[PDB]
Every structure is written in C-alpha cells, then in structure tokens.
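Presented below, as structure tokens, is a lone chain in the form deposited in one PDB entry.
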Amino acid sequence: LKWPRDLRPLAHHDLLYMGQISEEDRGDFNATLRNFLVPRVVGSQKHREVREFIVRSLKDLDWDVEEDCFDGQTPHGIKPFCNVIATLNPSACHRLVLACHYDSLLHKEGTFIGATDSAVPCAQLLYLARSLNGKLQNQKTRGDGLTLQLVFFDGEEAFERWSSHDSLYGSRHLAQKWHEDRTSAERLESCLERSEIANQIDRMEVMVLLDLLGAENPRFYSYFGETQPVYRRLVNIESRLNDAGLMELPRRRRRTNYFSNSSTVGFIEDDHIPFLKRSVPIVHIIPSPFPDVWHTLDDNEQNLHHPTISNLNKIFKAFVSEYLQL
C-alpha cells in the first residue's frame, strides 16, 4: 500500500539550505544540549528542571505545550511521571510526530548522564523546532491539515530489571490515553480524503522515535515494512547530502552510510511499542548495535561524537523540511 501522503522530493536549493550548519548553529545546539547533560532520574529536582526547560523552550516558540502527568506504581513505589507533548498546530488533523525520552536511568553503579540516552535526541528535537521556527510558523498558516508534534516521553527506563510492567511508563500511559480519547475527521482541520480517524492515536501519521544517538558512526536499518517509504527518504536525503559535500568526515572523499538500505530482524523495546500495538506507523532511529557506552557510566558528554551529531542534524532538518514541504 502506498504511503497516505504523496512524498514530494526536496528541491536541490532546499536540500543545500537545510544541509548548512553555521558556527552559530553549532553554538546553539551545544548550548541547548548542555541543559540535558545532567542526571535526570524520575523523582528528582534536575528531572523537574529538564521538564520545565523543554516546556519553556517550546512555549517561547509559540507551540501548544501539554503535560501528561500521572502517578504510577513502580518497583521503587509510587512515582510521578510527566510526558511533554508540543504541537505546532493543534487543530491540524495529521501530525508528523518526532519523539524521544527525557528521563535518565537510575544506575546502581553511580551517577549516570545518559548523553546518547537520550540527552542528544532531546536537544535535537528542540534544535529542530528552534532552527526551523520561521519556516514552521509559515507552514502552520497553510491550512493543509499537517503539522509537527514533539513528544518527550517520561519513564522510558526500568527502575530495576527490565519488564513489561517496569519500563515505558510514559509511552504506555500516553498511548492508552490517546486511544481512549475519541474524535473524528469532522472535528478536525483538513484530514486527508480517505482517513480513518476514531481517536487521537489515529492522528499520529508516523512516529519517528530517536534514541541512543550521538555516538560515532551509528548504523540504522528499516525496522518496519509499514514505514519503508518514509525510511527510504532518510536514505535518500543522507545520500544527497553526501553528494553535495555537506557531511563532516575525517578524510576527503568519504561518505556517511548511517541509514542502511536494508532491513534487519531485531526486536527493540522502546517507547514506540505501545503505539506499534495500536498500529501507529513507526520509524525507529536507533543504532544497531547500541553504542558501546550503553547503560554504562561512560555514556557521557566526552564520548559524544560531534561531527556525527552535526551530520544527523542535517539529515533530520532536511527530512522535516521534505515531509512538511517547508
């Protein structure tokens, strides 16, 4: 079956513009990132500060920001959780959803920063909103029934040994909440002709979940046949950015090959699962294998690879520009 939205290839001019990172932008990205490079375990003050920073940053860009807050039982007793949902144009029927988790693992060995997991993805989402704000605010005025939505899930991490009951607290909660929140096309602005909308879940046109990003030379694959048409756009954008000489590599004439033009057979537990179960299309931008530093005390700022981050930011900016025709 074809993708429901006809995917217009990004014009050369727009590819080149989205693939430019100024010195200012690097500074802006890193300043944003600094806010997330702190331990932010559920229940903590720094976690509350990170949540408030996400909310403030997006309200400042005139996005609609909602907090889905609830208390949930855990192996460590009742804990407070708050998903942050930011929507550029709430009334637009369909959403391109980008997502990540903002909580950090409570690591028994010691203080855990979770730089790839997922401080970098958090900063990448905010950086996208900030750096594309002008074009996004113009797109919002079109009445075309499509918008951008950012979801920062809380409580993705297990408190003790991973289980279905001890993990994905925020995403399980939100998926249920949105499934039970009924709506229809006539209540919404410009749904696509043959859309089947019965609840808020159905308005998630695709969810692009970023996780474990920031390490050198990640390998992505298409995890879901459902979203192969969208995944192939990431492969294409990456290829075009290399053709254009806009990727940072250690030597001339090398190319990035992050997005493999292949599928892989693997099952990863992450925030997409509760939405996958309600047939939300998923693109899971997570490396395979996981970064070497995964769930170790070395998942910290200095083990980040800045040229990779810059390259990923270009791909993501170009992807959002392509999808939303910015």
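Only residues modelled in both forms are compared. Definition used throughout: the rigid core is the maximal C-alpha set that superposes within 1.5 Å between two forms. Just count from 1 along the sequence shown to find any residue number.
What follows is about the form deposited in another entry, which we do not show.
Query - Core-superposed comparison between this form and the one not shown: the option from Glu52, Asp60, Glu269, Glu66 whose CA moves 2 angstroms or more - result: Meeting the 2 Å or more criterion is only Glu269.
Query raised in the report: Given a CA distance change of at least 3 Å, are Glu269 and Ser222 closer or farther in that other deposited form?
Result: Compared with the form shown here, the C-alpha atoms of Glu269 and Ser222 sit closer together in that other deposited form, by 3 Å or more.
Query - Pairwise C-alpha change, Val265 versus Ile237, in that other deposited form against this form - closer or farther, 3 angstroms or more - result: Here the pair is farther apart than in that other deposited form; there, closer.
Query raised in the report: After superposition on the rigid core, which segments of 3 or more consecutive residues show C-alpha displacements of 2 Å or more between this form and the one not shown?
Result: CA shift run, sole hit: 263-273.
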